Amino acid sequence: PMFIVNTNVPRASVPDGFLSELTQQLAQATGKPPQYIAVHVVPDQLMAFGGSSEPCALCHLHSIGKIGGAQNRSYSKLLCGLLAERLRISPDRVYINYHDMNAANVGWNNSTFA
Amino acid sequence: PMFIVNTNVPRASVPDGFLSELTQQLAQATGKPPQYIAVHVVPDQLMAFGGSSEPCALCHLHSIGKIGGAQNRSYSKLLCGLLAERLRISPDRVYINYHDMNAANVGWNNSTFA
Amino acid sequence: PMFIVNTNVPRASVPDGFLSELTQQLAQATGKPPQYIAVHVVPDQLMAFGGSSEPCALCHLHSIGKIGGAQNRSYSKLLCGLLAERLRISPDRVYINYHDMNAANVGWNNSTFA
C-alpha cells in the first residue's frame, strides 16, 4: 500500500510519530505486512475544499487488492479519525481516493509484483 | 470532484483568487455543487515538459462520474484557458488526466460516497 | 507520458541533468517522442517506506498505452537503476505505479488525445 495525504495544515502541526502511526494502522487495517506500507504527508499546501481554506486533506491510497466497499468504509473511518485527532481536520473536509492496483502495474525492486 | 495542478510557475505568480476561480468553474463544468469541489495548486515544482522548463502544468481531475469523451474535451478547453490566462502557461504544455471514480472508492466523512 | 518521483532525498542530492536524463530514458523506453514526455521530481518529502525514513521513492508513470506486464518489468529495472545510480535509493525502497490512460481521458492543448 501507498498512502499520500496532501493538506493545508502547516508542517509544525504534524505531530512527531505521525508517519509511524499511519504505517502501523494501515498495516493492520489492510492486513498487509508493515514492510510493504509506504506513507507520504505533504503539509503547507495551497488548497481549498468547498471553496474554503479551513483545514482539509486530499488523499490517495493505492493497494494491490484489499480495496472494496466495506474495506474502504473501514479505512475511511480509520484515516479520518487519525486526521481529526492528529491534524485537527474535520472528517467532512477529507477526500480519500482508493485505487486497486493490478500487481503487474506496480514496480518494486527492479521488477513488478506479478 | 478534486483537481490538482502541479506547475513550475512560482507561487508569487499564482494570482489572488485563483483557487476560488477554479472551484467555481469546476462546479459549473462538472455540474456538482461548489461545496463538493476541492482544488490544489502546487507551484515552484522541479518539472520539464518535452525536455524544457518554460511554464508547464501536470494535472489530475478525480470525479465520481461526469467523465467522458465530450465532457473531457470541454474540461480541457476550460482548464487550459484558465491556466493560460492566469498562470501564463501555454496550452500545449498542459496535461490533464481524467479519472472516473466509483462512489465506493471515495472516502469522505468517516465512510464512502457509496 | 508523464512521470513523477516523490522522494525524501534532499534537493541538493538531485543531480543537475536528472530531469533531462529521465526525459531521454523514458522517451527511449516508451518509444514516445521526447516532446511528449513530462517529468516531475519532488525532493525533501516527509515519507516512509516499511516504517523507515531511509531514502525511498514513490512514483507514478501515466501513459496512453505502452503499459503491460513485460513493459512494466522493463520500466521498473530502468527506473530503479536510475534512482539507485543518481539518487542513491535502494530498488527495494521504490514503488512505481503504472497507469494505462485512455486517450479520451487525457487533456492537452484545449482538447483531449482522442
# chains A, B, ... in the order shown; residues from 1 in each chain; ligands from 1
>>> closest_atom_pairs(of="segment 55-97 of chain B", to="segment 96-102 of chain C", cutoff="12 Å", atoms="only C-alpha atoms", output="tab-separated table")
residue	atom	partner	partner_atom	distance
B:60	CA	C:101	CA	11.8
B:67	CA	C:102	CA	11.7
B:68	CA	C:102	CA	10.3
B:69	CA	C:102	CA	9.9
B:72	CA	C:102	CA	11.5
B:95	CA	C:101	CA	11.9
B:96	CA	C:101	CA	10.9
B:97	CA	C:101	CA	7.8
>>> write_last_selection(atoms="C-alpha atoms", output="JSON list (two decimals), in the first residue's frame")
[["chain", "number", "residue", "atom", "x", "y", "z"],
["B", 60, "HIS", "CA", -5.39, 15.35, -12.38],
["B", 67, "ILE", "CA", -16.07, 11.93, -17.14],
["B", 68, "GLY", "CA", -16.26, 11.02, -20.84],
["B", 69, "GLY", "CA", -15.08, 11.97, -24.28],
["B", 72, "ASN", "CA", -13.32, 15.87, -21.05],
["B", 95, "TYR", "CA", -1.51, 17.53, -19.41],
["B", 96, "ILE", "CA", -4.73, 16.77, -17.52],
["B", 97, "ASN", "CA", -5.53, 13.19, -16.51]]
>>> interface_residues(of="chain C", to="chain A", cutoff="12 Å", atoms="only C-alpha atoms", output="CSV table (one decimal) with N, CA, C and O atoms, in the first residue's frame")
chain,number,residue,atom,x,y,z
C,6,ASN,N,8.4,11.1,-6.1
C,6,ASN,CA,8.4,11.8,-4.8
C,6,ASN,C,9.4,11.1,-3.9
C,6,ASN,O,9.4,9.8,-3.9
C,7,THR,N,10.3,11.8,-3.3
C,7,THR,CA,11.4,11.3,-2.5
C,7,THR,C,11.7,12.1,-1.3
C,7,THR,O,11.5,13.3,-1.3
C,8,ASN,N,12.2,11.5,-0.3
C,8,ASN,CA,12.8,12.1,0.9
C,8,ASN,C,14.3,12.5,0.7
C,8,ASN,O,14.8,13.2,1.5
C,42,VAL,N,10.1,15.5,-7.0
C,42,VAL,CA,9.7,16.2,-5.7
C,42,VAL,C,10.6,15.7,-4.6
C,42,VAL,O,10.3,14.7,-4.0
C,43,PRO,N,11.6,16.4,-4.3
C,43,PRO,CA,12.5,16.0,-3.2
C,43,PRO,C,12.1,16.6,-1.9
C,43,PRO,O,11.1,17.2,-1.7
C,44,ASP,N,12.9,16.2,-0.8
C,44,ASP,CA,12.6,16.8,0.5
C,44,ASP,C,11.3,16.4,1.1
C,44,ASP,O,10.8,17.1,2.0
C,45,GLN,N,10.7,15.3,0.7
C,45,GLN,CA,9.4,14.9,1.2
C,45,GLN,C,9.4,14.2,2.5
C,45,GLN,O,10.4,13.4,2.9
C,46,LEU,N,8.4,14.4,3.3
C,46,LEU,CA,8.1,13.7,4.5
C,46,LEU,C,7.4,12.3,4.2
C,46,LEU,O,6.2,12.3,4.0
C,47,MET,N,8.2,11.2,4.2
C,47,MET,CA,7.7,9.9,3.7
C,47,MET,C,8.5,8.8,4.5
C,47,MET,O,9.6,9.0,5.0
C,48,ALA,N,7.9,7.7,4.4
C,48,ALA,CA,8.5,6.5,5.0
C,48,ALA,C,8.1,5.3,4.1
C,48,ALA,O,7.0,5.3,3.4
C,49,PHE,N,8.9,4.2,4.1
C,49,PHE,CA,8.7,3.0,3.4
C,49,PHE,C,9.0,1.9,4.3
C,49,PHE,O,10.1,1.8,4.9
C,50,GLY,N,8.0,1.0,4.6
C,50,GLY,CA,8.2,0.0,5.6
C,50,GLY,C,8.4,0.5,7.0
C,50,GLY,O,9.0,-0.1,7.8
C,51,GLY,N,7.9,1.7,7.3
C,51,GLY,CA,8.1,2.4,8.6
C,51,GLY,C,9.4,3.1,8.7
C,51,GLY,O,9.6,3.8,9.7
C,52,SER,N,10.3,3.0,7.7
C,52,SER,CA,11.7,3.6,7.7
C,52,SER,C,11.7,4.8,6.9
C,52,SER,O,11.2,4.9,5.8
C,53,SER,N,12.5,5.8,7.4
C,53,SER,CA,12.8,7.0,6.7
C,53,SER,C,14.1,7.0,6.0
C,53,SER,O,14.6,8.1,5.6
C,54,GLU,N,14.8,5.9,5.8
C,54,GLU,CA,15.9,5.8,4.9
C,54,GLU,C,15.4,6.2,3.5
C,54,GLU,O,14.2,6.3,3.2
C,55,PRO,N,16.4,6.6,2.6
C,55,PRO,CA,15.9,7.1,1.3
C,55,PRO,C,15.0,6.1,0.6
C,55,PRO,O,15.1,4.9,0.6
C,56,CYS,N,13.9,6.7,0.0
C,56,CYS,CA,12.9,5.9,-0.7
C,56,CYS,C,12.3,6.8,-1.8
C,56,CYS,O,12.5,8.0,-1.8
C,57,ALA,N,11.5,6.2,-2.7
C,57,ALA,CA,10.8,6.9,-3.7
C,57,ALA,C,9.5,6.3,-4.0
C,57,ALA,O,9.3,5.0,-4.1
C,58,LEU,N,8.5,7.1,-4.2
C,58,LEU,CA,7.1,6.7,-4.6
C,58,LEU,C,6.8,7.4,-5.9
C,58,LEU,O,6.8,8.7,-5.9
C,59,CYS,N,6.5,6.7,-6.9
C,59,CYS,CA,6.4,7.2,-8.2
C,59,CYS,C,5.1,6.7,-9.0
C,59,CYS,O,4.5,5.7,-8.6
C,60,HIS,N,4.8,7.5,-10.0
C,60,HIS,CA,3.7,7.2,-10.9
C,60,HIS,C,4.2,7.4,-12.3
C,60,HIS,O,4.8,8.5,-12.6
C,61,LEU,N,3.8,6.5,-13.2
C,61,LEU,CA,4.0,6.7,-14.7
C,61,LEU,C,2.6,6.6,-15.3
C,61,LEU,O,2.0,5.5,-15.2
C,62,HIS,N,2.2,7.7,-15.9
C,62,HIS,CA,0.9,7.7,-16.7
C,62,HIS,C,1.2,7.7,-18.2
C,62,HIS,O,2.0,8.6,-18.6
C,63,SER,N,0.7,6.8,-18.9
C,63,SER,CA,1.0,6.7,-20.3
C,63,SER,C,-0.3,6.2,-21.1
C,63,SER,O,-1.0,5.4,-20.6
C,66,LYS,N,1.5,1.5,-24.0
C,66,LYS,CA,2.9,1.2,-23.7
C,66,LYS,C,3.0,0.8,-22.2
C,66,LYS,O,4.1,0.8,-21.7
C,67,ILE,N,1.9,0.2,-21.7
C,67,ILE,CA,1.8,-0.3,-20.3
C,67,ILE,C,1.4,-1.8,-20.4
C,67,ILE,O,0.5,-2.1,-21.1
C,68,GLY,N,2.2,-2.7,-19.7
C,68,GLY,CA,1.8,-4.1,-19.7
C,68,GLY,C,2.8,-4.9,-18.9
C,68,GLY,O,3.8,-4.3,-18.4
C,69,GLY,N,2.6,-6.2,-18.8
C,69,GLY,CA,3.4,-7.0,-17.9
C,69,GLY,C,4.9,-6.9,-18.2
C,69,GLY,O,5.7,-6.6,-17.3
C,70,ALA,N,5.3,-7.2,-19.4
C,70,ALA,CA,6.7,-7.2,-19.7
C,70,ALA,C,7.3,-5.8,-19.8
C,70,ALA,O,8.4,-5.5,-19.4
C,71,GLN,N,6.5,-4.9,-20.4
C,71,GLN,CA,7.0,-3.5,-20.5
C,71,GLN,C,7.2,-2.9,-19.1
C,71,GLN,O,8.2,-2.2,-18.9
C,72,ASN,N,6.3,-3.2,-18.2
C,72,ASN,CA,6.4,-2.6,-16.9
C,72,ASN,C,7.6,-3.2,-16.1
C,72,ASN,O,8.2,-2.5,-15.3
C,73,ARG,N,7.9,-4.5,-16.3
C,73,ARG,CA,9.1,-5.0,-15.7
C,73,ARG,C,10.4,-4.3,-16.2
C,73,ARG,O,11.3,-4.0,-15.5
C,74,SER,N,10.4,-4.0,-17.5
C,74,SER,CA,11.5,-3.3,-18.1
C,74,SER,C,11.6,-1.9,-17.6
C,74,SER,O,12.7,-1.4,-17.3
C,75,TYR,N,10.5,-1.2,-17.5
C,75,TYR,CA,10.5,0.2,-17.0
C,75,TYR,C,11.0,0.2,-15.5
C,75,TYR,O,11.7,1.1,-15.1
C,76,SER,N,10.6,-0.8,-14.8
C,76,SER,CA,11.0,-0.9,-13.3
C,76,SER,C,12.5,-1.1,-13.2
C,76,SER,O,13.1,-0.5,-12.3
C,77,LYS,N,13.1,-2.0,-14.0
C,77,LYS,CA,14.5,-2.2,-14.0
C,77,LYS,C,15.2,-0.9,-14.3
C,77,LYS,O,16.2,-0.4,-13.7
C,78,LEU,N,14.8,-0.2,-15.4
C,78,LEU,CA,15.3,1.1,-15.9
C,78,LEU,C,15.3,2.1,-14.8
C,78,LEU,O,16.3,2.8,-14.5
C,79,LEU,N,14.1,2.4,-14.2
C,79,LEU,CA,13.8,3.5,-13.3
C,79,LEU,C,14.5,3.2,-12.0
C,79,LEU,O,15.1,4.1,-11.4
C,80,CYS,N,14.4,2.0,-11.5
C,80,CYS,CA,15.1,1.7,-10.2
C,80,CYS,C,16.6,1.8,-10.4
C,80,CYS,O,17.3,2.3,-9.5
C,81,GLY,N,17.1,1.5,-11.6
C,81,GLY,CA,18.5,1.6,-11.9
C,81,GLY,C,18.9,3.1,-11.8
C,81,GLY,O,19.9,3.5,-11.2
C,82,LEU,N,18.1,4.0,-12.4
C,82,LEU,CA,18.4,5.4,-12.4
C,82,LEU,C,18.3,6.0,-11.0
C,82,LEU,O,19.1,6.9,-10.6
C,83,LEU,N,17.3,5.6,-10.2
C,83,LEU,CA,17.1,6.1,-8.9
C,83,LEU,C,18.3,5.6,-8.0
C,83,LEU,O,18.7,6.4,-7.1
C,84,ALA,N,18.7,4.4,-8.2
C,84,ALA,CA,19.9,3.9,-7.4
C,84,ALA,C,21.1,4.7,-7.8
C,84,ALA,O,21.9,5.1,-6.9
C,89,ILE,N,19.0,5.6,-4.0
C,89,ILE,CA,17.9,4.9,-3.4
C,89,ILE,C,17.9,3.4,-3.7
C,89,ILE,O,18.0,3.1,-4.9
C,90,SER,N,17.7,2.6,-2.7
C,90,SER,CA,17.7,1.1,-2.9
C,90,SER,C,16.5,0.7,-3.7
C,90,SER,O,15.3,1.1,-3.4
C,91,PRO,N,16.7,-0.1,-4.8
C,91,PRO,CA,15.5,-0.6,-5.5
C,91,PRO,C,14.3,-1.1,-4.7
C,91,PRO,O,13.2,-1.0,-5.1
C,92,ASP,N,14.6,-1.8,-3.5
C,92,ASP,CA,13.6,-2.3,-2.7
C,92,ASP,C,12.9,-1.3,-1.8
C,92,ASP,O,12.1,-1.6,-1.0
C,93,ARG,N,13.3,0.0,-2.0
C,93,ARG,CA,12.6,1.1,-1.4
C,93,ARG,C,12.0,2.1,-2.4
C,93,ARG,O,11.8,3.2,-2.1
C,94,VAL,N,11.6,1.5,-3.6
C,94,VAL,CA,10.9,2.2,-4.7
C,94,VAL,C,9.6,1.5,-5.0
C,94,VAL,O,9.6,0.3,-5.2
C,95,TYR,N,8.5,2.3,-5.1
C,95,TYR,CA,7.3,1.8,-5.7
C,95,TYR,C,7.1,2.7,-6.9
C,95,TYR,O,7.2,3.9,-6.9
C,96,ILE,N,6.7,2.0,-8.0
C,96,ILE,CA,6.3,2.8,-9.2
C,96,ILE,C,4.9,2.2,-9.7
C,96,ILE,O,4.8,1.1,-10.0
C,97,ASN,N,3.9,3.1,-9.7
C,97,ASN,CA,2.6,2.7,-10.1
C,97,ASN,C,2.5,3.1,-11.6
C,97,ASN,O,2.7,4.2,-12.0
C,98,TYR,N,2.1,2.1,-12.4
C,98,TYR,CA,1.9,2.3,-13.9
C,98,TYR,C,0.4,2.4,-14.1
C,98,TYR,O,-0.4,1.6,-13.7
C,99,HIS,N,0.1,3.5,-14.9
C,99,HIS,CA,-1.3,3.8,-15.2
C,99,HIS,C,-1.5,3.9,-16.7
C,99,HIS,O,-0.9,4.8,-17.3
C,100,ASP,N,-2.3,3.0,-17.3
C,100,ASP,CA,-2.6,3.0,-18.7
C,100,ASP,C,-3.8,3.9,-19.0
C,100,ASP,O,-4.9,3.4,-18.7
>>> atom_distance(atom1="atom CA of residue 5 of chain A", atom2="atom CA of residue 26 of chain A")
13.2 Å
>>> select_by_dssp(residues="segment 3-114 of chain B", states="strand (DSSP E or B)", output="PyMOL selection string")
chain B and resi 3-7+38-42+46-49+52+57-63+94-100+106-108+111-112
>>> atom_distance(atom1="atom CA of residue 86 of chain C", atom2="atom CA of residue 18 of chain C")
7.7 Å
>>> atom_distance(atom1="atom CA of residue 15 of chain A", atom2="atom CA of residue 13 of chain C")
26.6 Å
>>> select_by_dssp(residues="chain A", states="helix (DSSP H, G or I)", output="ChimeraX atom specification")
/A:11-13,18-30,34-36,69-87,91-93,103-105
